[PDB]
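# Observations on the three-dimensional arrangement
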Amino acid sequence: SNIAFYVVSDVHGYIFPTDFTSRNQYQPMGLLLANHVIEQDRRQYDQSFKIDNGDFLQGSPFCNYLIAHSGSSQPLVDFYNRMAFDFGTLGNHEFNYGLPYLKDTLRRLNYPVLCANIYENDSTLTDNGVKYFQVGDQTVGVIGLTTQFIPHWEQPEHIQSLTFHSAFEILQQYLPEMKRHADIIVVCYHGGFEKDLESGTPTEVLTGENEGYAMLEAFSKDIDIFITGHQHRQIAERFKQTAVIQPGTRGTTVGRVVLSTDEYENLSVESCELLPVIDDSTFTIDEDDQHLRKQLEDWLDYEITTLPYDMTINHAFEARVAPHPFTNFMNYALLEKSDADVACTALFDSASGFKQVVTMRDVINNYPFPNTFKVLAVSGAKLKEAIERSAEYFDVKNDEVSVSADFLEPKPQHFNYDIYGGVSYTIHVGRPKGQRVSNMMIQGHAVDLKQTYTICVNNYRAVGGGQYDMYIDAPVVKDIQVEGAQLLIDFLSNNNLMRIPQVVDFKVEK
Ligand SMILES: Nc1ncnc2c1ncn2[C@H]1C[C@H](O)[C@@H](CO)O1
Ligand SMILES: [Mg+2]
Ligand SMILES: [Mn+2]
C-alpha cells in the first residue's frame, strides 16, 4: 500500500496562469494549474495529502488588488478552500499585511495551518504545530515550522506580540515525543538550506535565517520527509534516508513524495521528485474565476498618468552599474517625500521602469512589496557602511564589472543592492569588500564620517533586511506610513511636468 504527499510552496498569490507582465499573458504556472496537476496525478495512489508550505498571502498583484478592494483575503481563501488541502504552514510574507489580517485569514481557511515555533504571548500563534494521522497500522506525525528571521524583515507593529524560536531547537525538543507517537515523521519548514546538502559547505552567511542543513545533519535518521520552501529553489533528493523537497515558487512545480509498505507493512520512501506544472487539454478555468481575472486585469490597466518621456529599463544590470532615469526618479520621489539628506531603493526583479503611459500594472511591477519608509539618523561612517554593503553586489569577471556569486547563488538576491540618491560616490570593485566606496559627497561637501545625516530607507532595510544591520536601532527621524506603490502614484499624480533633478550620481568600475 502507499501514500503520496504533494506540496506547493511560495505560491505567493499566483493563482491564475500568469505573472501579469501583460494582460493576456498565459504561462504554465499558478495554483489553478498546479492543483490540476495534483488532482490528475494523485488518483493512482491509495491515499494522498495536499500541503501548502507558506508564502501564500502576499506576492502578486492579485494580493495588491485584494487589499485595495475589500481589504479581505476571502477571494484568495476561496481558491484554497475549493481545493481541499489538508494542511499548511506559515511563511514570513503571511505577516506583511498585519496580524489581524493573518488571523482572519487562518479562521476563514478550511484546514489547519501548523506553526510550532512562533508564539503569541505564552502559546503558539496557530492553534497547533503538530498533526498526527494513521496510514494503515502506522502513524504519521507532522510538524510545521517557520524561519525565525522574521524580525529582520517585518513591520515592528505587525509582530510586536510575537516570539520567534529557532526551528532547529523546537524540532529538537519535539522529536522525542513525535517518535513516541509516530512511525513516520514529516517536517514542513518554511525555510531552506544554509549549507550545500552534498558537501556541507556554507552557501550563505550562517545567520539562523535558514536552518535546514543543521536540522537534517542532526536529525535525518528520525525524519522521513523534509519539506522546505522560502528560498524558491527546486530540490528533490535524498539526505541519507530522508526525502528532501523544495518546490520552487509560483506553482511552476509540485513536490511529490511517495511512501510505500514493504513486507512487515513498514512505510519507506519510494520516490521524491518535482512534477512539472504543464498545460493540458483538460484544464479549464470556470466562468467566475475568469470574471475575477478580468476585474483584476481591468484594475491593472488603470492609467495613473502619462509622462512626457520614457524611463524604461532595457537591461537591469545597466540600471545597477550606473545611474538610470528611473532609479533617479525613484530616489527623487523619496527625497521629496522625506526631506532626508540621502535616500535609497533597490531595483526589484520585476522593475522594468516606466514607459510614457503608466498603469497600475507598471507601478506594482516596479515596487512589488508593501514597504513603508523610515528616515534614519546615521553618522557619515554608518552611511559609508551601508554603501559598502551594496557595493558587495559587484565582482570582476575577466576585466569587466559583473555580479558577485554571493548575490546569485544558490538563488538571486538583486533586491539586496541599493542605489542611493543625494550622495555621490565611486565604487571600486577591484578593492576588498568594505573598502570599495570612495569620493563620497553630500551637497558639495565631503561626507564627514562624524557628522549626523538622514537617510530615507524602506521598512525592510530599517530592521536590517538584506544584511543592512547598520540601520538597526538608528534613531527614527520620520516614520512614513505610505507604501511604495502609493508613494510613486502620489508623486506621479502631483508633478505633471516631471522635471526631475539629478540626485543619483555614482560610478562603478574596477
Ligand atoms: N523590500 C522588501 N520588502 C519585503 N520583503 C522583501 C524585500 N526584499 C526582499 N524581500 C523578501 C524576499 C524573501 O522572501 C525575504 C528575504 O529573505 O524577504
Ligand atoms: Mg519566505
Ligand atoms: Mn517566498
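Moving on, we come to the packing of helix α10 (residues 325–338) against helix α14 (residues 484–494). The contact between α10 and α14 brings their axes to 10 Å, and the two run at 85°. Here α10 is positioned roughly perpendicular relative to α14, judged by the angle of their axes. Within the contact between the two elements, α10 uses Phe329, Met330, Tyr332, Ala333, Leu334, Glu336 and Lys337 and α14 uses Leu487, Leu488, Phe491 and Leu492. Partitioning the contact of α10 with α14 into residue classes produces nine nonpolar, no polar and two charged.

On to the side chain of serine 72, then. Relative to the helices and strands, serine 72 is located in the loop between α2 (61–68) and α3 (74–82). Take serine 72: its relative accessible area is 14%, and that puts it in the buried class. When near neighbours in sequence (up to four residues on either side) are disregarded, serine 72 contacts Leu66, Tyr101 and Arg108.

Take the packing of aromatic side chains next. Summed over all chains, the structure comprises 33 aromatic pairs. A ring pair is formed by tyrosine 189 and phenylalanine 226, whose centres lie 6.4 Å apart and whose planes are at 50°; its orientation type is tilted. Of this pair, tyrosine 189 sits in strand β9 (residues 184–190) while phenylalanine 226 sits in strand β10 (residues 225–227), placing them 37 residues apart in sequence. An identical accessibility class is assigned to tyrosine 189 and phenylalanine 226; each is buried. Through pairs of rings, three or more aromatic residues link up here, namely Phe317, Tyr393, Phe394, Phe407 and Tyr417. The ring centre of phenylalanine 85 lies 5.5 Å from the NZ or CZ of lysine 50, which sits over that ring. The ring of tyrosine 468 has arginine 389 sitting right over it, with the charged end atom 5.8 Å from the ring centre.

So, about the coordination of the magnesium ion (ligand 2). Each protein donor to the magnesium ion (ligand 2) is listed here as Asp55 (OD), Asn92 (OD1), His190 (NE2) and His230 (ND1); together their distances run 2.3 to 2.6 Å. Sequence positions of the residues that donate to the magnesium ion (ligand 2) give the spacing D-x36-N-x97-H-x39-H. Distance-wise, the manganese ion (ligand 3) is placed 3.4 Å from the magnesium ion (ligand 2), both being coordinated by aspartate 55. In this pair, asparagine 92 sits in the loop between β3 (87–88) and α4 (99–108) while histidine 230 sits in the loop between β10 and β11 (234–239), placing the two residues 138 residues apart along the sequence. The exposure class of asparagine 92 is buried, given its relative accessible area of 6%.

Quick look at the coordination of the manganese ion (ligand 3) now. Protein-derived coordination of the manganese ion (ligand 3) comes from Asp10 (OD), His12 (NE2), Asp55 (OD) and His232 (NE2), at a distance range of 2.2 to 2.4 Å. Within one chain, the residues serving as donors to the manganese ion (ligand 3) are arranged as D-x1-H-x42-D-x176-H.

Partitioning the chain into structural domains gives domain 1 (1–302) and domain 2 (303–510). If you look at the interface, domain 1 gives 27 residues, while domain 2 gives 24 residues. In this assembly, domain 1 packs against domain 2 so that about 2,000 Å² is buried in total across both faces, 50% of it on carbon and sulfur atoms. Per-residue buried area on domain 1 facing domain 2 is highest for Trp153, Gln155 and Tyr302; these three make up 27% of the total on that side. Here domain 1 and domain 2 share two salt bridges between them. Across the pair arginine 361 and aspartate 301 runs a salt bridge whose closest N-O atoms are separated by 2.8 Å. Mapped onto the side of domain 1 that touches domain 2, the elements with two or more residues apiece are α2, α5 (156–159) and α8 (287–300). With three residues, α8 is the single largest residue contributor to the side of domain 1 that touches domain 2.

With that settled, consider the pattern of salt bridges. Tallying each qualifying case throughout the model produces 21 salt bridges. A salt bridge links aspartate 41 to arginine 256, with the shortest nitrogen-to-oxygen separation between them at 2.8 Å. Taken together, the residues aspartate 41 in helix α1 (residues 31–42) and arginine 256 in strand β13 (residues 253–261) connect sequence positions 215 residues apart. Given the relative accessible area of 17%, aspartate 41 is considered buried. Several salt bridges share partner residues, and in doing so they unite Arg23, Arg293, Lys294, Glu297, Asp298, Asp301 and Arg361 into one network.

Rules and cut-offs
Residues numbered from 1 in each chain as written, not as in the entry; some residues may be left out. Chains lettered and ligands numbered in written order. Heavy atoms only, no water. Axes fitted to C-alpha atoms, helices over the stretch in contact; angles between N-to-C directions. Helix = DSSP H or I, 4+ residues; strand = E, 2+ residues; numbered from the N terminus. Parallel < 35°, antiparallel > 145°, perpendicular 65-115°, else oblique. Contact = heavy atoms within 4.5 Å. Nonpolar A, V, L, I, M, F, W, Y, C, P; charged D, E, K, R; others polar. Buried < 20%, exposed > 50% of the residue type's maximum accessible area, 1.4 Å probe, protein only. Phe/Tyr/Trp six-rings, centres within 6.5 Å; stacked < 30°, edge-to-face > 60°. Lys NZ or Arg CZ within 6 Å of the ring centre and 35° of its normal. Donors = N, O, S within 2.8 Å, 3.2 Å for Na, K, Ca; no water. Domains from an automatic or database assignment. Buried area = accessible area lost by both parts, 1.4 Å probe. Salt bridge = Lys/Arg side-chain N within 4 Å of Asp/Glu carboxyl O.

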